[PDB]
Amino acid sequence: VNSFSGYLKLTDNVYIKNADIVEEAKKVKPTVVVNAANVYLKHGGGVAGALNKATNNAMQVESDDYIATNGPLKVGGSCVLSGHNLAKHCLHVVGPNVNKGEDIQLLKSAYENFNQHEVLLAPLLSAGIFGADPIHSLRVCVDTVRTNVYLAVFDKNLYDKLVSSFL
């Protein structure tokens, strides 16, 4: 039993809600919140900008030190950093940005990172300003993640579309 509230069960291990991941994190303080990151951990907009702003830019400061030491992530890759005031940990996961010309097959690789964590609060990877088909992202999530994932989808209209079209 966990403290996630009001989620619609989709499969054995995947749950979904129409919510801002930042607000879900502020309320639940999960062990792991997933950021929809880019390879440079430059948290400008979307999920990343919203999470970072909620940390008063501490996420960005920590991320800049990470990159200075380790260099960029891979598309499809991840790193674990602090969750600051939002969660114990933040799993920064890089889904392909098809507006940047990146390979959609890497979306499965991106979701595989979730399997290293028993429970996660996560956004829909590669959706939104990352440009991919959100129905596709949800399908890849369900078919790839085996651990318990609570998906927060900000946009009400797309949430309604995601639920109504889910197979």
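One-based numbering along the sequence shown.
If you average the C-alpha B-factors over 157 to 165 and over 1 to 9, the higher value belongs to 1 to 9. Comparing 58 to 66 with 128 to 136, the stretch with the higher mean C-alpha B-factor in the PDB entry is 128 to 136. Per the PDB entry, 99 shows the highest C-alpha temperature factor of the residues 38, 115, 99, 52. Per the deposited record, the Cα B-factor of residue 119 falls in the middle third when ranked against the other modelled residues of its chain. The deposited CA B-factor of residue 106 belongs to the highest third of values across its chain. Per-chain ranking of the deposited C-alpha B factor places residue 28 in the highest third.
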